[PDB]
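Q: This structure is in structure tokens; I'll ask about it shortly.
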2 protein chains.
Amino acid sequence: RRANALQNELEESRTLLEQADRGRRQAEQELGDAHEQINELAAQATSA
Amino acid sequence: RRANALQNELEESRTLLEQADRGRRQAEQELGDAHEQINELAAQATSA
């Protein structure tokens with residue numbers, strides 16, 4: 001009964017573990033498009 | 001045998017998750033690092 005108990009916890013946690021996997025992949029994308037833009041304005045900044 | 005065998009991997013799964021969401025706070029504070037940078041660099045760029 002304990003061996004079936006933690007199985008209920010794991011499939012609970014695996015869904016939570018894949019939740020942050022959908023979190024950081026869009027989170028660094030918000031870092032990603034910004035860090036592309038910090039190239040673009042700064043190249044304009046030394047040009048201006 | 002199994003009851004300890006899933007015991008370690010739950011301690012392995014969550015410590016991946018507890019290391020995963022630490023990555024997101026690493027990301028979001030860097031978005032805070034970029035957003036102040038995209039403000040101050042533009043403030044030079046708009047005056048030019």
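Ordering of the structure tokens sets the chain letters (A, B, ...); residue numbers start at 1 within each chain; ligands are numbered from 1 in the order shown.
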Could you tell me which residues of chain B sit within 8 Å of chain A when counting only C-alpha atoms, and give me the result as a list in words?

A: residues 2, 3, 6, 7, 10, 13, 14, 17, 20, 21, 23, 24, 27, 28, 30, 31, 34, 38, 41, 42, 44, 45 and 48 of chain B

Q: Please save C-alpha atoms of the selected residues as a tab-separated table (two decimals), in the first residue's frame.

A:
```
chain	number	residue	atom	x	y	z
B	2	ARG	CA	10.82	-1.53	-5.06
B	3	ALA	CA	9.64	0.52	-2.08
B	6	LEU	CA	10.97	4.53	-6.03
B	7	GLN	CA	12.01	6.29	-2.83
B	10	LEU	CA	11.20	10.76	-5.93
B	13	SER	CA	12.62	13.87	-9.40
B	14	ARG	CA	11.83	16.71	-7.02
B	17	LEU	CA	12.13	20.20	-10.15
B	20	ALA	CA	14.27	23.65	-12.37
B	21	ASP	CA	12.14	26.42	-10.89
B	23	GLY	CA	16.20	28.32	-13.19
B	24	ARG	CA	13.06	30.35	-13.76
B	27	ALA	CA	15.53	33.93	-15.87
B	28	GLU	CA	13.01	36.43	-14.52
B	30	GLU	CA	17.60	38.63	-15.76
B	31	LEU	CA	14.53	40.03	-17.47
B	34	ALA	CA	17.47	43.63	-19.26
B	38	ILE	CA	16.63	48.62	-22.37
B	41	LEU	CA	20.16	52.65	-23.35
B	42	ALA	CA	17.08	54.01	-25.11
B	44	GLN	CA	20.71	57.81	-24.52
B	45	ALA	CA	19.39	56.80	-27.93
B	48	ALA	CA	20.78	61.43	-29.98
```

Q: Is it possible to get the superposed chain B, fitted on chain A over all Cα pairs by sequence order, as an mmCIF file with N, CA and C atoms, in the first residue's frame?

A:
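Written file, part-v5.cif:
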```cif
data_model
loop_
_atom_site.group_PDB
_atom_site.id
_atom_site.type_symbol
_atom_site.label_atom_id
_atom_site.label_comp_id
_atom_site.auth_asym_id
_atom_site.auth_seq_id
_atom_site.Cartn_x
_atom_site.Cartn_y
_atom_site.Cartn_z
ATOM 1 N N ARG B 1 -2.319 -0.054 0.224
ATOM 2 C CA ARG B 1 -2.607 1.350 0.483
ATOM 3 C C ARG B 1 -1.431 2.225 0.076
ATOM 4 N N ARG B 2 -0.220 1.825 0.450
ATOM 5 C CA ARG B 2 0.963 2.603 0.121
ATOM 6 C C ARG B 2 1.256 2.556 -1.369
ATOM 7 N N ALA B 3 0.979 1.416 -1.997
ATOM 8 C CA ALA B 3 1.358 1.202 -3.390
ATOM 9 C C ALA B 3 0.562 2.097 -4.325
ATOM 10 N N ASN B 4 -0.616 2.531 -3.894
ATOM 11 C CA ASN B 4 -1.288 3.587 -4.629
ATOM 12 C C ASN B 4 -0.902 4.948 -4.087
ATOM 13 N N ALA B 5 -0.422 4.994 -2.845
ATOM 14 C CA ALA B 5 -0.148 6.285 -2.232
ATOM 15 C C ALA B 5 1.098 6.909 -2.826
ATOM 16 N N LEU B 6 2.069 6.091 -3.204
ATOM 17 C CA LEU B 6 3.206 6.656 -3.903
ATOM 18 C C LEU B 6 2.913 6.779 -5.381
ATOM 19 N N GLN B 7 1.848 6.129 -5.843
ATOM 20 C CA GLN B 7 1.537 6.141 -7.266
ATOM 21 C C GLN B 7 1.058 7.514 -7.701
ATOM 22 N N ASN B 8 0.263 8.166 -6.861
ATOM 23 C CA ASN B 8 -0.229 9.489 -7.217
ATOM 24 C C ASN B 8 0.870 10.537 -7.132
ATOM 25 N N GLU B 9 1.784 10.402 -6.166
ATOM 26 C CA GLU B 9 2.760 11.465 -5.966
ATOM 27 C C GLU B 9 3.859 11.407 -7.014
ATOM 28 N N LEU B 10 4.119 10.225 -7.570
ATOM 29 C CA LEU B 10 4.978 10.170 -8.742
ATOM 30 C C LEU B 10 4.312 10.869 -9.908
ATOM 31 N N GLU B 11 2.997 10.696 -10.041
ATOM 32 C CA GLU B 11 2.237 11.485 -11.000
ATOM 33 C C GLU B 11 2.140 12.940 -10.564
ATOM 34 N N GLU B 12 2.409 13.226 -9.291
ATOM 35 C CA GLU B 12 2.461 14.618 -8.860
ATOM 36 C C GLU B 12 3.870 15.177 -9.000
ATOM 37 N N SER B 13 4.894 14.341 -8.823
ATOM 38 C CA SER B 13 6.253 14.870 -8.862
ATOM 39 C C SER B 13 6.662 15.197 -10.284
ATOM 40 N N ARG B 14 6.393 14.284 -11.215
ATOM 41 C CA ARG B 14 6.826 14.497 -12.588
ATOM 42 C C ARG B 14 6.052 15.630 -13.242
ATOM 43 N N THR B 15 4.777 15.803 -12.878
ATOM 44 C CA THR B 15 4.011 16.890 -13.475
ATOM 45 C C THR B 15 4.428 18.226 -12.888
ATOM 46 N N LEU B 16 5.146 18.209 -11.767
ATOM 47 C CA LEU B 16 5.836 19.417 -11.360
ATOM 48 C C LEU B 16 7.074 19.606 -12.214
ATOM 49 N N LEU B 17 7.816 18.521 -12.447
ATOM 50 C CA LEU B 17 9.023 18.596 -13.257
ATOM 51 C C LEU B 17 8.699 18.902 -14.706
ATOM 52 N N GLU B 18 7.648 18.282 -15.240
ATOM 53 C CA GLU B 18 7.258 18.553 -16.621
ATOM 54 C C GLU B 18 6.681 19.957 -16.761
ATOM 55 N N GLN B 19 6.247 20.553 -15.653
ATOM 56 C CA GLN B 19 5.863 21.956 -15.685
ATOM 57 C C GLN B 19 7.060 22.839 -15.359
ATOM 58 N N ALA B 20 8.104 22.262 -14.768
ATOM 59 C CA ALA B 20 9.265 23.069 -14.417
ATOM 60 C C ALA B 20 10.128 23.351 -15.634
ATOM 61 N N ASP B 21 10.439 22.322 -16.420
ATOM 62 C CA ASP B 21 11.329 22.526 -17.557
ATOM 63 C C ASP B 21 10.612 23.254 -18.680
ATOM 64 N N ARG B 22 9.281 23.287 -18.629
ATOM 65 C CA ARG B 22 8.543 24.190 -19.500
ATOM 66 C C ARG B 22 8.794 25.634 -19.105
ATOM 67 N N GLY B 23 9.133 25.865 -17.839
ATOM 68 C CA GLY B 23 9.489 27.208 -17.427
ATOM 69 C C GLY B 23 10.831 27.633 -17.978
ATOM 70 N N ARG B 24 11.711 26.673 -18.228
ATOM 71 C CA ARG B 24 13.035 27.029 -18.710
ATOM 72 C C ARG B 24 12.963 27.413 -20.178
ATOM 73 N N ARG B 25 12.125 26.721 -20.949
ATOM 74 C CA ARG B 25 11.939 27.107 -22.341
ATOM 75 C C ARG B 25 11.198 28.431 -22.434
ATOM 76 N N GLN B 26 10.368 28.729 -21.434
ATOM 77 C CA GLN B 26 9.800 30.064 -21.309
ATOM 78 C C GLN B 26 10.894 31.095 -21.081
ATOM 79 N N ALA B 27 11.925 30.725 -20.329
ATOM 80 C CA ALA B 27 12.991 31.671 -20.036
ATOM 81 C C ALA B 27 13.911 31.856 -21.233
ATOM 82 N N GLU B 28 14.328 30.758 -21.865
ATOM 83 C CA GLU B 28 15.365 30.853 -22.887
ATOM 84 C C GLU B 28 14.849 31.508 -24.156
ATOM 85 N N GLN B 29 13.557 31.367 -24.452
ATOM 86 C CA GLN B 29 13.033 32.074 -25.611
ATOM 87 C C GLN B 29 12.906 33.557 -25.306
ATOM 88 N N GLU B 30 12.760 33.904 -24.029
ATOM 89 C CA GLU B 30 12.715 35.311 -23.657
ATOM 90 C C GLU B 30 14.101 35.918 -23.728
ATOM 91 N N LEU B 31 15.126 35.105 -23.468
ATOM 92 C CA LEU B 31 16.491 35.543 -23.721
ATOM 93 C C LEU B 31 16.706 35.765 -25.204
ATOM 94 N N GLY B 32 16.024 34.978 -26.036
ATOM 95 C CA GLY B 32 16.022 35.256 -27.459
ATOM 96 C C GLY B 32 15.236 36.504 -27.798
ATOM 97 N N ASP B 33 14.258 36.848 -26.961
ATOM 98 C CA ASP B 33 13.494 38.066 -27.192
ATOM 99 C C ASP B 33 14.316 39.278 -26.772
ATOM 100 N N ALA B 34 15.125 39.125 -25.729
ATOM 101 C CA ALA B 34 15.920 40.251 -25.259
ATOM 102 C C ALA B 34 17.136 40.477 -26.142
ATOM 103 N N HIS B 35 17.743 39.396 -26.633
ATOM 104 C CA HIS B 35 19.010 39.519 -27.351
ATOM 105 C C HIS B 35 18.824 40.168 -28.710
ATOM 106 N N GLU B 36 17.658 39.993 -29.322
ATOM 107 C CA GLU B 36 17.375 40.767 -30.521
ATOM 108 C C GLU B 36 17.051 42.207 -30.157
ATOM 109 N N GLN B 37 16.489 42.421 -28.969
ATOM 110 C CA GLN B 37 16.136 43.770 -28.557
ATOM 111 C C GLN B 37 17.372 44.550 -28.149
ATOM 112 N N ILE B 38 18.344 43.873 -27.537
ATOM 113 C CA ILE B 38 19.562 44.563 -27.118
ATOM 114 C C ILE B 38 20.440 44.852 -28.326
ATOM 115 N N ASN B 39 20.189 44.168 -29.440
ATOM 116 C CA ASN B 39 20.925 44.476 -30.658
ATOM 117 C C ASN B 39 20.318 45.674 -31.376
ATOM 118 N N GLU B 40 18.988 45.713 -31.497
ATOM 119 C CA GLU B 40 18.373 46.760 -32.305
ATOM 120 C C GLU B 40 18.346 48.087 -31.564
ATOM 121 N N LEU B 41 18.283 48.049 -30.237
ATOM 122 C CA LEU B 41 18.287 49.295 -29.487
ATOM 123 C C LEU B 41 19.683 49.891 -29.457
ATOM 124 N N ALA B 42 20.706 49.038 -29.445
ATOM 125 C CA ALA B 42 22.074 49.538 -29.490
ATOM 126 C C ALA B 42 22.385 50.132 -30.849
ATOM 127 N N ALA B 43 21.774 49.585 -31.904
ATOM 128 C CA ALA B 43 22.020 50.066 -33.261
ATOM 129 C C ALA B 43 21.484 51.478 -33.447
ATOM 130 N N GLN B 44 20.395 51.805 -32.756
ATOM 131 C CA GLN B 44 19.982 53.198 -32.682
ATOM 132 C C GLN B 44 20.941 53.993 -31.815
ATOM 133 N N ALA B 45 21.437 53.377 -30.741
ATOM 134 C CA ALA B 45 22.217 54.116 -29.759
ATOM 135 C C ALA B 45 23.628 54.398 -30.255
ATOM 136 N N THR B 46 24.175 53.526 -31.101
ATOM 137 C CA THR B 46 25.529 53.774 -31.586
ATOM 138 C C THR B 46 25.533 54.868 -32.644
ATOM 139 N N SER B 47 24.437 54.999 -33.396
ATOM 140 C CA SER B 47 24.370 56.029 -34.423
ATOM 141 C C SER B 47 24.215 57.402 -33.799
ATOM 142 N N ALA B 48 23.553 57.467 -32.646
ATOM 143 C CA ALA B 48 23.397 58.739 -31.956
ATOM 144 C C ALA B 48 24.723 59.217 -31.392
#
```
